[PDB]
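Pasting query31.pdb here (PDB, C-alpha atoms):
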```
ATOM      1  CA  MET X   1     -18.749   6.992  19.448
ATOM      2  CA  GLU X   2     -20.072   6.752  15.890
ATOM      3  CA  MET X   3     -17.746   8.013  13.157
ATOM      4  CA  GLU X   4     -19.468  10.949  11.409
ATOM      5  CA  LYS X   5     -20.337  12.712  14.655
ATOM      6  CA  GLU X   6     -17.052  11.940  16.348
ATOM      7  CA  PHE X   7     -15.678  13.589  13.191
ATOM      8  CA  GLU X   8     -17.588  16.868  13.586
ATOM      9  CA  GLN X   9     -16.756  16.863  17.296
ATOM     10  CA  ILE X  10     -13.011  16.759  16.518
ATOM     11  CA  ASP X  11     -13.342  19.430  13.827
ATOM     12  CA  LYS X  12     -15.292  21.807  16.082
ATOM     13  CA  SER X  13     -12.850  21.217  18.947
ATOM     14  CA  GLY X  14      -9.764  21.327  16.691
ATOM     15  CA  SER X  15      -8.143  18.331  18.396
ATOM     16  CA  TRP X  16      -6.880  16.234  15.446
ATOM     17  CA  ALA X  17      -3.249  16.577  16.560
ATOM     18  CA  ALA X  18      -4.095  15.299  20.044
ATOM     19  CA  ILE X  19      -6.066  12.321  18.721
ATOM     20  CA  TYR X  20      -3.203  11.424  16.366
ATOM     21  CA  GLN X  21      -0.595  11.705  19.108
ATOM     22  CA  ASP X  22      -2.629   9.309  21.274
ATOM     23  CA  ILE X  23      -2.465   6.750  18.452
ATOM     24  CA  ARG X  24       1.295   7.227  18.205
ATOM     25  CA  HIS X  25       1.658   6.684  21.966
ATOM     26  CA  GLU X  26      -0.422   3.480  22.038
ATOM     27  CA  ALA X  27       1.062   1.889  18.890
ATOM     28  CA  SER X  28       2.930  -1.415  19.095
ATOM     29  CA  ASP X  29       6.722  -1.604  19.260
ATOM     30  CA  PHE X  30       8.244  -4.866  17.992
ATOM     31  CA  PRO X  31      11.851  -5.619  16.969
ATOM     32  CA  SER X  32      13.174  -4.967  13.434
ATOM     33  CA  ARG X  33      16.633  -6.528  13.829
ATOM     34  CA  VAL X  34      16.998  -7.914  10.290
ATOM     35  CA  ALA X  35      16.256  -4.496   8.710
ATOM     36  CA  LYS X  36      19.110  -2.936  10.715
ATOM     37  CA  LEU X  37      21.876  -5.400   9.801
ATOM     38  CA  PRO X  38      24.735  -3.575   8.013
ATOM     39  CA  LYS X  39      24.423  -5.722   4.889
ATOM     40  CA  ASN X  40      20.894  -4.306   4.360
ATOM     41  CA  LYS X  41      21.625  -0.568   4.511
ATOM     42  CA  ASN X  42      21.183  -0.053   0.757
ATOM     43  CA  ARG X  43      17.873  -1.984   0.850
ATOM     44  CA  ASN X  44      16.150   0.664   3.010
ATOM     45  CA  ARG X  45      15.023   4.032   1.671
ATOM     46  CA  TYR X  46      14.572   5.659   5.100
ATOM     47  CA  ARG X  47      16.470   4.762   8.275
ATOM     48  CA  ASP X  48      13.408   5.266  10.512
ATOM     49  CA  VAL X  49      10.983   3.077   8.453
ATOM     50  CA  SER X  50      11.601  -0.656   8.863
ATOM     51  CA  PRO X  51       9.488  -3.828   8.788
ATOM     52  CA  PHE X  52       9.009  -5.734  12.049
ATOM     53  CA  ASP X  53      10.758  -9.121  12.127
ATOM     54  CA  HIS X  54       7.544 -11.015  12.938
ATOM     55  CA  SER X  55       5.597  -9.774   9.877
ATOM     56  CA  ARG X  56       8.294  -9.074   7.261
ATOM     57  CA  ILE X  57       8.089 -10.660   3.805
ATOM     58  CA  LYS X  58      10.978 -13.067   3.169
ATOM     59  CA  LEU X  59      12.459 -13.504  -0.305
ATOM     60  CA  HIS X  60      12.956 -17.173  -1.316
ATOM     61  CA  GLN X  61      16.709 -16.803  -1.496
ATOM     62  CA  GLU X  62      19.416 -18.233   0.750
ATOM     63  CA  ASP X  63      21.990 -15.459   0.341
ATOM     64  CA  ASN X  64      19.890 -12.524   1.572
ATOM     65  CA  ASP X  65      16.139 -12.846   2.106
ATOM     66  CA  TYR X  66      15.525  -9.206   3.098
ATOM     67  CA  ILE X  67      13.090  -6.691   1.575
ATOM     68  CA  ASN X  68      11.464  -3.673   3.236
ATOM     69  CA  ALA X  69       7.908  -5.058   3.079
ATOM     70  CA  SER X  70       5.299  -6.201   5.648
ATOM     71  CA  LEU X  71       2.273  -8.587   5.617
ATOM     72  CA  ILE X  72      -0.802  -6.874   7.124
ATOM     73  CA  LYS X  73      -3.294  -9.723   7.903
ATOM     74  CA  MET X  74      -6.798  -8.487   8.926
ATOM     75  CA  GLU X  75      -8.542 -11.466  10.514
ATOM     76  CA  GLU X  76     -12.153 -10.266  10.930
ATOM     77  CA  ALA X  77     -12.249  -8.485   7.556
ATOM     78  CA  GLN X  78     -10.596 -11.483   5.845
ATOM     79  CA  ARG X  79      -8.255  -9.263   3.812
ATOM     80  CA  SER X  80      -4.454  -9.269   3.562
ATOM     81  CA  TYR X  81      -2.122  -6.610   2.125
ATOM     82  CA  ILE X  82       1.622  -6.337   1.547
ATOM     83  CA  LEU X  83       2.836  -2.786   2.294
ATOM     84  CA  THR X  84       6.272  -1.839   0.949
ATOM     85  CA  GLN X  85       8.516   1.138   0.175
ATOM     86  CA  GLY X  86       8.950   2.477  -3.334
ATOM     87  CA  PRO X  87      11.643   0.317  -4.941
ATOM     88  CA  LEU X  88      15.268   1.542  -4.980
ATOM     89  CA  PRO X  89      17.722   1.189  -7.886
ATOM     90  CA  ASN X  90      19.239  -1.852  -6.156
ATOM     91  CA  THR X  91      15.908  -3.451  -5.112
ATOM     92  CA  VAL X  92      13.773  -3.411  -8.309
ATOM     93  CA  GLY X  93      14.630  -7.069  -8.940
ATOM     94  CA  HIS X  94      13.749  -7.996  -5.323
ATOM     95  CA  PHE X  95      10.399  -6.178  -5.694
ATOM     96  CA  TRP X  96       9.316  -8.293  -8.694
ATOM     97  CA  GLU X  97      10.701 -11.473  -7.070
ATOM     98  CA  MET X  98       8.296 -10.774  -4.160
ATOM     99  CA  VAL X  99       5.324 -10.174  -6.490
ATOM    100  CA  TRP X 100       6.090 -13.536  -8.153
ATOM    101  CA  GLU X 101       6.693 -15.574  -4.983
ATOM    102  CA  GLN X 102       3.656 -14.204  -3.126
ATOM    103  CA  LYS X 103       1.294 -14.823  -6.129
ATOM    104  CA  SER X 104       0.005 -11.257  -6.170
ATOM    105  CA  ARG X 105      -2.301 -10.149  -8.986
ATOM    106  CA  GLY X 106      -2.130  -6.377  -8.471
ATOM    107  CA  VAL X 107       0.339  -3.614  -7.552
ATOM    108  CA  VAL X 108      -1.084  -0.335  -6.167
ATOM    109  CA  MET X 109       1.170   2.763  -6.555
ATOM    110  CA  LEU X 110       0.152   5.983  -4.758
ATOM    111  CA  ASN X 111       3.100   8.290  -5.624
ATOM    112  CA  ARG X 112       4.746   9.785  -8.701
ATOM    113  CA  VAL X 113       8.325   8.813  -9.583
ATOM    114  CA  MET X 114       9.372  12.465  -9.027
ATOM    115  CA  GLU X 115       7.673  14.670  -6.422
ATOM    116  CA  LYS X 116       8.873  17.965  -4.903
ATOM    117  CA  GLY X 117      11.793  17.868  -7.395
ATOM    118  CA  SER X 118      13.328  14.669  -5.967
ATOM    119  CA  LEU X 119      13.107  10.974  -6.865
ATOM    120  CA  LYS X 120      10.574   9.108  -4.687
ATOM    121  CA  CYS X 121      11.051   5.660  -6.295
ATOM    122  CA  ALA X 122      12.788   3.962  -9.199
ATOM    123  CA  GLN X 123      11.231   3.674 -12.680
ATOM    124  CA  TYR X 124      10.529  -0.007 -12.046
ATOM    125  CA  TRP X 125       8.145  -0.871 -14.938
ATOM    126  CA  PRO X 126       8.518  -0.425 -18.733
ATOM    127  CA  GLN X 127       7.026   2.608 -20.444
ATOM    128  CA  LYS X 128       6.905   1.228 -24.020
ATOM    129  CA  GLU X 129       5.595  -2.117 -25.275
ATOM    130  CA  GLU X 130       8.671  -2.808 -27.422
ATOM    131  CA  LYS X 131      11.207  -2.006 -24.631
ATOM    132  CA  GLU X 132      10.857  -4.745 -22.030
ATOM    133  CA  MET X 133      12.883  -4.966 -18.792
ATOM    134  CA  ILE X 134      15.096  -7.841 -17.652
ATOM    135  CA  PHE X 135      16.126  -8.144 -13.976
ATOM    136  CA  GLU X 136      19.240 -10.294 -14.123
ATOM    137  CA  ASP X 137      19.786 -10.657 -10.367
ATOM    138  CA  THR X 138      16.386 -12.408  -9.927
ATOM    139  CA  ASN X 139      15.914 -13.842 -13.478
ATOM    140  CA  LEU X 140      12.619 -12.125 -14.364
ATOM    141  CA  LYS X 141      11.317 -10.401 -17.501
ATOM    142  CA  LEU X 142       8.643  -7.688 -17.428
ATOM    143  CA  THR X 143       6.670  -6.423 -20.484
ATOM    144  CA  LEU X 144       4.131  -3.612 -20.849
ATOM    145  CA  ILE X 145       0.999  -5.091 -22.506
ATOM    146  CA  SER X 146      -1.422  -2.126 -22.440
ATOM    147  CA  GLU X 147      -1.956   1.186 -20.670
ATOM    148  CA  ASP X 148      -5.175   3.134 -19.948
ATOM    149  CA  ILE X 149      -4.624   6.768 -18.827
ATOM    150  CA  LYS X 150      -7.509   8.472 -17.023
ATOM    151  CA  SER X 151      -7.786  11.854 -15.353
ATOM    152  CA  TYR X 152      -6.890  10.725 -11.813
ATOM    153  CA  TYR X 153      -5.189   7.347 -12.320
ATOM    154  CA  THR X 154      -3.652   4.993 -14.893
ATOM    155  CA  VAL X 155      -4.142   1.201 -15.169
ATOM    156  CA  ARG X 156      -1.516  -0.940 -16.874
ATOM    157  CA  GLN X 157      -1.465  -4.587 -17.877
ATOM    158  CA  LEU X 158       1.975  -6.166 -17.409
ATOM    159  CA  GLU X 159       3.376  -9.645 -18.186
ATOM    160  CA  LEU X 160       5.845 -11.084 -15.672
ATOM    161  CA  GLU X 161       7.880 -14.093 -16.836
ATOM    162  CA  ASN X 162       9.976 -16.311 -14.589
ATOM    163  CA  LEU X 163      12.903 -16.978 -16.925
ATOM    164  CA  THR X 164      14.003 -20.087 -14.967
ATOM    165  CA  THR X 165      10.700 -21.933 -15.631
ATOM    166  CA  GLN X 166       9.239 -19.965 -18.592
ATOM    167  CA  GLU X 167       5.995 -19.538 -16.631
ATOM    168  CA  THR X 168       4.153 -16.241 -17.232
ATOM    169  CA  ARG X 169       1.538 -14.248 -15.295
ATOM    170  CA  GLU X 170      -0.586 -11.168 -15.868
ATOM    171  CA  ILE X 171      -0.078  -8.383 -13.268
ATOM    172  CA  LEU X 172      -2.340  -5.305 -13.009
ATOM    173  CA  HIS X 173      -0.647  -1.964 -12.101
ATOM    174  CA  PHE X 174      -3.020   0.588 -10.497
ATOM    175  CA  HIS X 175      -1.342   4.026 -10.383
ATOM    176  CA  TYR X 176      -3.014   6.899  -8.520
ATOM    177  CA  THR X 177      -1.319   9.890 -10.160
ATOM    178  CA  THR X 178      -2.980  12.947  -8.569
ATOM    179  CA  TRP X 179      -2.174  12.922  -4.824
ATOM    180  CA  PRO X 180      -0.852  16.469  -4.187
ATOM    181  CA  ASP X 181       2.842  17.121  -3.470
ATOM    182  CA  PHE X 182       1.819  18.707  -0.108
ATOM    183  CA  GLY X 183      -1.108  17.810   2.166
ATOM    184  CA  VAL X 184      -4.053  15.522   1.294
ATOM    185  CA  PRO X 185      -6.824  15.744  -1.367
ATOM    186  CA  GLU X 186      -9.651  18.173  -0.684
ATOM    187  CA  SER X 187     -12.332  15.571  -1.545
ATOM    188  CA  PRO X 188     -12.016  11.771  -1.142
ATOM    189  CA  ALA X 189     -14.144  11.150  -4.227
ATOM    190  CA  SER X 190     -11.356  10.282  -6.681
ATOM    191  CA  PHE X 191      -9.462   8.166  -4.107
ATOM    192  CA  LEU X 192     -12.636   6.136  -3.407
ATOM    193  CA  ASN X 193     -13.331   5.732  -7.139
ATOM    194  CA  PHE X 194      -9.766   4.401  -7.461
ATOM    195  CA  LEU X 195     -10.242   1.955  -4.556
ATOM    196  CA  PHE X 196     -13.410   0.608  -6.189
ATOM    197  CA  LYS X 197     -11.508   0.076  -9.469
ATOM    198  CA  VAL X 198      -8.853  -1.981  -7.659
ATOM    199  CA  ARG X 199     -11.616  -4.005  -5.961
ATOM    200  CA  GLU X 200     -13.479  -4.612  -9.224
ATOM    201  CA  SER X 201     -10.324  -6.094 -10.828
ATOM    202  CA  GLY X 202     -10.086  -9.080  -8.427
ATOM    203  CA  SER X 203      -6.710  -7.905  -7.083
ATOM    204  CA  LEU X 204      -7.942  -7.790  -3.444
ATOM    205  CA  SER X 205      -9.742 -11.120  -3.496
ATOM    206  CA  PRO X 206      -8.846 -14.398  -1.728
ATOM    207  CA  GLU X 207      -8.216 -16.351  -4.946
ATOM    208  CA  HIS X 208      -4.960 -14.372  -5.351
ATOM    209  CA  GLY X 209      -1.969 -13.615  -3.162
ATOM    210  CA  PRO X 210      -2.034 -10.305  -1.259
ATOM    211  CA  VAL X 211      -2.062  -7.040  -3.201
ATOM    212  CA  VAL X 212       1.267  -5.136  -3.070
ATOM    213  CA  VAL X 213       0.730  -1.451  -2.107
ATOM    214  CA  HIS X 214       3.391   1.276  -1.963
ATOM    215  CA  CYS X 215       4.120   4.967  -1.889
ATOM    216  CA  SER X 216       7.552   6.377  -1.088
ATOM    217  CA  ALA X 217       7.965   4.991   2.477
ATOM    218  CA  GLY X 218       5.014   2.578   2.361
ATOM    219  CA  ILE X 219       3.276   3.877   5.525
ATOM    220  CA  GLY X 220       1.433   7.135   4.804
ATOM    221  CA  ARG X 221      -0.706   7.113   1.633
ATOM    222  CA  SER X 222      -0.345   3.308   1.658
ATOM    223  CA  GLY X 223      -1.798   3.188   5.180
ATOM    224  CA  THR X 224      -4.735   5.363   4.134
ATOM    225  CA  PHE X 225      -5.595   2.946   1.283
ATOM    226  CA  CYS X 226      -5.725  -0.241   3.396
ATOM    227  CA  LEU X 227      -7.364   1.466   6.403
ATOM    228  CA  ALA X 228     -10.226   2.761   4.252
ATOM    229  CA  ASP X 229     -10.701  -0.573   2.442
ATOM    230  CA  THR X 230     -10.814  -2.635   5.673
ATOM    231  CA  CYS X 231     -13.166  -0.231   7.496
ATOM    232  CA  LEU X 232     -15.665  -0.207   4.599
ATOM    233  CA  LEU X 233     -15.559  -4.037   4.404
ATOM    234  CA  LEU X 234     -16.277  -4.353   8.154
ATOM    235  CA  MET X 235     -19.234  -1.950   7.811
ATOM    236  CA  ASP X 236     -20.733  -4.360   5.218
ATOM    237  CA  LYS X 237     -20.063  -7.514   7.258
ATOM    238  CA  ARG X 238     -21.341  -6.473  10.712
ATOM    239  CA  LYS X 239     -24.928  -6.256  11.983
ATOM    240  CA  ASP X 240     -24.169  -2.803  13.427
ATOM    241  CA  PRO X 241     -22.008  -0.702  11.049
ATOM    242  CA  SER X 242     -21.722   2.145  13.567
ATOM    243  CA  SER X 243     -19.640  -0.203  15.737
ATOM    244  CA  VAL X 244     -16.631   0.116  13.381
ATOM    245  CA  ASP X 245     -13.959   2.111  15.255
ATOM    246  CA  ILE X 246     -11.399   3.502  12.804
ATOM    247  CA  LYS X 247      -8.840   4.240  15.539
ATOM    248  CA  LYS X 248      -9.017   0.636  16.759
ATOM    249  CA  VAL X 249      -8.637  -0.720  13.209
ATOM    250  CA  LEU X 250      -5.571   1.497  12.696
ATOM    251  CA  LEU X 251      -3.972   0.305  15.924
ATOM    252  CA  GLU X 252      -4.573  -3.307  14.815
ATOM    253  CA  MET X 253      -2.855  -2.600  11.469
ATOM    254  CA  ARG X 254       0.090  -0.984  13.312
ATOM    255  CA  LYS X 255       0.762  -4.337  14.980
ATOM    256  CA  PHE X 256       2.066  -5.400  11.527
ATOM    257  CA  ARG X 257       3.917  -2.286  10.212
ATOM    258  CA  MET X 258       5.118   0.808  12.053
ATOM    259  CA  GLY X 259       3.998   4.337  11.348
ATOM    260  CA  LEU X 260       0.822   3.781   9.292
ATOM    261  CA  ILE X 261      -0.825   7.201   8.774
ATOM    262  CA  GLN X 262       1.961   9.791   8.989
ATOM    263  CA  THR X 263       0.110  13.031   9.844
ATOM    264  CA  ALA X 264      -3.070  14.238  11.551
ATOM    265  CA  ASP X 265      -4.227  15.442   8.116
ATOM    266  CA  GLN X 266      -3.929  11.880   6.771
ATOM    267  CA  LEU X 267      -5.960  10.659   9.776
ATOM    268  CA  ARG X 268      -8.714  13.203   9.093
ATOM    269  CA  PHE X 269      -8.690  12.277   5.401
ATOM    270  CA  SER X 270      -9.118   8.582   6.273
ATOM    271  CA  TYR X 271     -12.217   9.399   8.357
ATOM    272  CA  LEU X 272     -13.599  11.490   5.488
ATOM    273  CA  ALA X 273     -13.064   8.681   2.978
ATOM    274  CA  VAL X 274     -14.788   6.027   5.105
ATOM    275  CA  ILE X 275     -17.721   8.359   5.881
ATOM    276  CA  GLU X 276     -18.383   9.242   2.238
ATOM    277  CA  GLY X 277     -17.722   5.736   1.048
ATOM    278  CA  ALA X 278     -20.292   4.246   3.403
ATOM    279  CA  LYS X 279     -23.042   6.297   1.710
ATOM    280  CA  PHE X 280     -22.178   5.197  -1.782
ATOM    281  CA  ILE X 281     -22.062   1.526  -0.880
ATOM    282  CA  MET X 282     -25.792   1.537  -0.171
ATOM    283  CA  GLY X 283     -27.494   5.784  -1.219
TER     284      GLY X 283
END
```
Let's see the structure in the file written out as C-alpha cells.
Amino acid sequence: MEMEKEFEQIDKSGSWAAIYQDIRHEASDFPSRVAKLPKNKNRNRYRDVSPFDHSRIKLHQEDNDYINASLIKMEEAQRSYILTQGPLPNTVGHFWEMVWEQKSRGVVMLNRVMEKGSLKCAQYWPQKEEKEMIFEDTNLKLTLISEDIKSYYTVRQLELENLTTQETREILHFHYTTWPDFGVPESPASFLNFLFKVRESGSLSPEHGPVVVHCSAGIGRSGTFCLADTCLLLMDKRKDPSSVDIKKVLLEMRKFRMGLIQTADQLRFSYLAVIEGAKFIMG
C-alpha cells in the first residue's frame, strides 16, 4: 500500500502495536559474540543492546578492538551510517578514535546528557573554548571552536587532533536538544528541519566517512533519524515514489543493528516524518 493512506488505515483501526510486533517477529537474528565477552562488559551500556559481529565497527587496536557501534550500509539509497550508544566514562576515548579512523565529518546526538534524572551518556565534548579535552588512552585532543544555540538544536564546530601525527580535522556536532523525556514529538517539523541541516553540512555525503549517530542505546531515536533520511532519499531517486515501503526499509536496516525503532509510537512518528517531509521536498 501507499504510505499516507496505510497510515490513516492503521490510525482508524488502532493497530500500531500489532504492526510493530510483526516487525519484531520478522527481524534478523545474527550472532554478537564479541560484545558478550567478559572483557567487554564495561564497554556496553545495556546488556540487551549489542552490535552484530558481521557489521560491528572495529577499532584499529590490537589489544581490544571492541566498541558498541554498527555500520548500516544502504545499497540502493547509497548512504551509510554508523549507529552507536552514548559514550560511557570508560569509552569516550574509543568513541573519538572511531570518529578519526572512520573519517567521519559529523556526529549526530539525539539525547540530553541527563534525562529523567539519570545520566544517559558521558559529557564527551568540551563546553568552553579554553578548556580542551585530552584522551590519553587513544592519544587524541578535542577543542571547542564555536557553538550556535538555536531553539530546537545546537551546532558545534570541534577540532580533533591526532597527537601521534599532529594531523587535525574539523568535526561538526549536531545536537537535537528537544526530544521529550517521555514519548515522541507531537509534530515532526523540528526533527525534519534538523535532518535538513545535517544534510546541508555535507556530513551525510559520499566524500566523507559515515556520519556517527547516537542516542542513549543507539537504536530508538537513532533508528528514526536514519530510517527517515533513507526513505526520503529513495522517494527522490525512484520513478514511482509511492513504491517506498517503510516497513521493508526498516527490516533491511535491522539486518545491520538489532532493535531499531523501540516502540510503536516511534514507528508511527517515523511514518509521520516521511509523509510530511515528502511534501516539503517538492510543495
Could you list, as a ChimeraX atom specification, every residue within 9 Å of residue 219 of chain X, counting all atoms listed in the file and ignoring same-chain residues fewer than 2 positions away? /X:49,83-85,214-217,221-224,257-262
At a cut-off of 7 Å, using all atoms listed in the file, what residues contact segment 89-97 of chain X? Leave out same-chain residues fewer than 3 positions from it and give the result as JSON, numbers by chain. {"X": [43, 100, 101, 122, 124, 135, 137, 138]}
Record the distance separating atom CA of residue 270 of chain X and atom CA of residue 102 of chain X, expressed in Å with one decimal.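 Result for atom CA of residue 270 of chain X versus atom CA of residue 102 of chain X: 27.8 Å, one decimal.
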Determine, for each residue of segment 116-193 of chain X having at least one atom at most 12 Å from an atom of segment 202-206 of chain X, the closest pair of atoms and their separation in Å to one decimal, counting only C-alpha atoms; order by chain and ascending number, as a Markdown table.
```
| residue | atom | partner | partner_atom | distance |
| --- | --- | --- | --- | --- |
| X:170 | CA | X:203 | CA | 11.2 |
| X:171 | CA | X:203 | CA | 9.1 |
| X:172 | CA | X:203 | CA | 7.8 |
| X:173 | CA | X:203 | CA | 9.9 |
| X:174 | CA | X:203 | CA | 9.9 |
```
Expand the PyMOL selection byres ((chain X and resi 183-193) around 12) into the explicit residue set it covers here, and present it as a PDB file with C-alpha atoms, in the coordinates of the input.
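Final output, result14.pdb:
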```pdb
ATOM      1  CA  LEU X 110       0.152   5.983  -4.758  1.00  0.00           C
ATOM      2  CA  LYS X 150      -7.509   8.472 -17.023  1.00  0.00           C
ATOM      3  CA  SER X 151      -7.786  11.854 -15.353  1.00  0.00           C
ATOM      4  CA  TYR X 152      -6.890  10.725 -11.813  1.00  0.00           C
ATOM      5  CA  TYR X 153      -5.189   7.347 -12.320  1.00  0.00           C
ATOM      6  CA  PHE X 174      -3.020   0.588 -10.497  1.00  0.00           C
ATOM      7  CA  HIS X 175      -1.342   4.026 -10.383  1.00  0.00           C
ATOM      8  CA  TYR X 176      -3.014   6.899  -8.520  1.00  0.00           C
ATOM      9  CA  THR X 177      -1.319   9.890 -10.160  1.00  0.00           C
ATOM     10  CA  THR X 178      -2.980  12.947  -8.569  1.00  0.00           C
ATOM     11  CA  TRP X 179      -2.174  12.922  -4.824  1.00  0.00           C
ATOM     12  CA  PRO X 180      -0.852  16.469  -4.187  1.00  0.00           C
ATOM     13  CA  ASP X 181       2.842  17.121  -3.470  1.00  0.00           C
ATOM     14  CA  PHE X 182       1.819  18.707  -0.108  1.00  0.00           C
ATOM     15  CA  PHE X 194      -9.766   4.401  -7.461  1.00  0.00           C
ATOM     16  CA  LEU X 195     -10.242   1.955  -4.556  1.00  0.00           C
ATOM     17  CA  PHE X 196     -13.410   0.608  -6.189  1.00  0.00           C
ATOM     18  CA  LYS X 197     -11.508   0.076  -9.469  1.00  0.00           C
ATOM     19  CA  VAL X 198      -8.853  -1.981  -7.659  1.00  0.00           C
ATOM     20  CA  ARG X 199     -11.616  -4.005  -5.961  1.00  0.00           C
ATOM     21  CA  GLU X 200     -13.479  -4.612  -9.224  1.00  0.00           C
ATOM     22  CA  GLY X 220       1.433   7.135   4.804  1.00  0.00           C
ATOM     23  CA  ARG X 221      -0.706   7.113   1.633  1.00  0.00           C
ATOM     24  CA  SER X 222      -0.345   3.308   1.658  1.00  0.00           C
ATOM     25  CA  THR X 224      -4.735   5.363   4.134  1.00  0.00           C
ATOM     26  CA  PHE X 225      -5.595   2.946   1.283  1.00  0.00           C
ATOM     27  CA  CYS X 226      -5.725  -0.241   3.396  1.00  0.00           C
ATOM     28  CA  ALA X 228     -10.226   2.761   4.252  1.00  0.00           C
ATOM     29  CA  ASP X 229     -10.701  -0.573   2.442  1.00  0.00           C
ATOM     30  CA  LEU X 232     -15.665  -0.207   4.599  1.00  0.00           C
ATOM     31  CA  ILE X 261      -0.825   7.201   8.774  1.00  0.00           C
ATOM     32  CA  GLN X 262       1.961   9.791   8.989  1.00  0.00           C
ATOM     33  CA  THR X 263       0.110  13.031   9.844  1.00  0.00           C
ATOM     34  CA  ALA X 264      -3.070  14.238  11.551  1.00  0.00           C
ATOM     35  CA  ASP X 265      -4.227  15.442   8.116  1.00  0.00           C
ATOM     36  CA  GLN X 266      -3.929  11.880   6.771  1.00  0.00           C
ATOM     37  CA  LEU X 267      -5.960  10.659   9.776  1.00  0.00           C
ATOM     38  CA  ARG X 268      -8.714  13.203   9.093  1.00  0.00           C
ATOM     39  CA  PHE X 269      -8.690  12.277   5.401  1.00  0.00           C
ATOM     40  CA  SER X 270      -9.118   8.582   6.273  1.00  0.00           C
ATOM     41  CA  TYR X 271     -12.217   9.399   8.357  1.00  0.00           C
ATOM     42  CA  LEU X 272     -13.599  11.490   5.488  1.00  0.00           C
ATOM     43  CA  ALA X 273     -13.064   8.681   2.978  1.00  0.00           C
ATOM     44  CA  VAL X 274     -14.788   6.027   5.105  1.00  0.00           C
ATOM     45  CA  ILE X 275     -17.721   8.359   5.881  1.00  0.00           C
ATOM     46  CA  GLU X 276     -18.383   9.242   2.238  1.00  0.00           C
ATOM     47  CA  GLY X 277     -17.722   5.736   1.048  1.00  0.00           C
ATOM     48  CA  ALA X 278     -20.292   4.246   3.403  1.00  0.00           C
ATOM     49  CA  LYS X 279     -23.042   6.297   1.710  1.00  0.00           C
ATOM     50  CA  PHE X 280     -22.178   5.197  -1.782  1.00  0.00           C
ATOM     51  CA  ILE X 281     -22.062   1.526  -0.880  1.00  0.00           C
TER      52      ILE X 281
END
```
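Residue nearest residue 70 of chain X within the list X:249, X:213, X:241, X:142: X:213 [criterion: smallest interatomic distance, only C-alpha atoms].
Our summary of the geometry notes that atom CA of residue 30 of chain X is positioned 6.1 Å from atom CA of residue 52 of chain X.
Proximity to residue 212 of chain X was assessed for X:57, X:82, X:155, X:18 counting all atoms listed in the file; the smallest distance is recorded for X:82.
Taking atom CA of residue 251 of chain X as the reference point, atom CA of residue 235 of chain X is found at 17.4 Å.
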If the box runs along x, y and z of the file and leaves 4 Å on each side of segment 126-138 of chain X, what are its centre and edge lengths in Å, one decimal, as JSON?
```
{"center_x": 12.7, "center_y": -4.9, "center_z": -18.7, "size_x": 22.2, "size_y": 23.0, "size_z": 25.5}
```
Counting all atoms listed in the file, which residue out of X:207, X:48, X:63, X:53 sits closest to residue 105 of chain X? X:207
Take segment 231-243 of chain X, model N, CA and C atoms, and hand the result over as a JSON list (two decimals), keeping the file's coordinate frame.
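Output saved as out22.json:
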```json
[["chain", "number", "residue", "atom", "x", "y", "z"],
["X", 231, "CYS", "N", -12.04, -0.78, 6.74],
["X", 231, "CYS", "CA", -13.17, -0.23, 7.50],
["X", 231, "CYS", "C", -14.49, -0.36, 6.72],
["X", 232, "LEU", "N", -14.47, -0.05, 5.43],
["X", 232, "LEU", "CA", -15.66, -0.21, 4.60],
["X", 232, "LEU", "C", -16.12, -1.66, 4.51],
["X", 233, "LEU", "N", -15.18, -2.62, 4.42],
["X", 233, "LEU", "CA", -15.56, -4.04, 4.40],
["X", 233, "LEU", "C", -16.21, -4.46, 5.72],
["X", 234, "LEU", "N", -15.65, -4.03, 6.86],
["X", 234, "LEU", "CA", -16.28, -4.35, 8.15],
["X", 234, "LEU", "C", -17.68, -3.75, 8.28],
["X", 235, "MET", "N", -17.90, -2.55, 7.73],
["X", 235, "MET", "CA", -19.23, -1.95, 7.81],
["X", 235, "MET", "C", -20.27, -2.76, 7.03],
["X", 236, "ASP", "N", -19.85, -3.47, 5.99],
["X", 236, "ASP", "CA", -20.73, -4.36, 5.22],
["X", 236, "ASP", "C", -20.98, -5.70, 5.90],
["X", 237, "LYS", "N", -20.01, -6.18, 6.67],
["X", 237, "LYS", "CA", -20.06, -7.51, 7.26],
["X", 237, "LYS", "C", -20.86, -7.54, 8.56],
["X", 238, "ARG", "N", -20.79, -6.47, 9.35],
["X", 238, "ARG", "CA", -21.34, -6.47, 10.71],
["X", 238, "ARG", "C", -22.83, -6.14, 10.74],
["X", 239, "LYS", "N", -23.53, -6.65, 11.77],
["X", 239, "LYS", "CA", -24.93, -6.26, 11.98],
["X", 239, "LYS", "C", -25.06, -4.77, 12.29],
["X", 240, "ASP", "N", -24.11, -4.21, 13.03],
["X", 240, "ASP", "CA", -24.17, -2.80, 13.43],
["X", 240, "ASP", "C", -23.00, -2.04, 12.83],
["X", 241, "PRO", "N", -23.16, -1.39, 11.67],
["X", 241, "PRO", "CA", -22.01, -0.70, 11.05],
["X", 241, "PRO", "C", -21.44, 0.43, 11.88],
["X", 242, "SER", "N", -22.24, 1.06, 12.74],
["X", 242, "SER", "CA", -21.72, 2.14, 13.57],
["X", 242, "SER", "C", -20.77, 1.65, 14.65],
["X", 243, "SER", "N", -20.61, 0.33, 14.79],
["X", 243, "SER", "CA", -19.64, -0.20, 15.74],
["X", 243, "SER", "C", -18.22, -0.20, 15.20]]
```
